[PDB]
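Just one chain follows, in the form deposited in one PDB entry, and it is written as structure tokens.
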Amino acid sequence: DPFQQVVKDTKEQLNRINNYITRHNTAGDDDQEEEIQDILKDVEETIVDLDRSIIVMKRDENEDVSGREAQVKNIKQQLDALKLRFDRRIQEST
């Protein structure tokens, strides 16, 4: 299933950046700061893809809409948790 695959890719991408923030508390590498901002943007747009997939799939008599939109909610919460860590972290020095 391609949707479940993206859902998994995204959680793991999010986690990867989360782990990085935990190991490099210091808001430094302008490179990785850009790279992190690039990936997070990519994720915002990936979540629009997932949401879109659900909307056009609502007629499909198998598909588990409510079970899928619940997984997208969760991913939005995860992204939003991390955008906060990132923003908080930037206000810590240099």
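Don't overthink the numbering: it's just position in the shown sequence, from 1. Shifts are known only where both forms have a C-alpha. We call the rigid core the largest set of C-alpha positions that still match within 1.5 Å between the two forms.
Although not depicted, the form deposited in another entry is the subject of the following passage.
K.L.:
So with the core overlaid, does the Cα of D9 end up 2 Å or more away between the shown form and the other one?
P.N.:
Shift of 2 Å or more: no.
K.L.:
State yes or no: after fitting on the rigid core, is the Cα displacement of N19 between the shown form and the other one at least 2 Å?
P.N.:
Comparing forms between the shown form and the other one, the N19 CA shifts below 2 Å.
K.L.:
Core superposed first: is there a CA shift of 2 Å or greater at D60 between the shown form and the other one?
P.N.:
Shift at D60: 2 Å or more after core fit.
K.L.:
Please check whether, in the other entry, the CA atoms of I47 and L82 lie closer or farther apart than here, given a change of 3 Å or more.
P.N.:
Farther apart, which means the C-alphas of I47 and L82 are at least 3 Å more distant in the other entry.
K.L.:
Report the moving segments between the shown form and the other one: consecutive residues, 3 or more per run, each with a CA shift of 2 Å or more after superposition on the core, given in sequence order.
P.N.:
When the rigid core is held fixed, residues 59 to 87 make up the only run that shifts.
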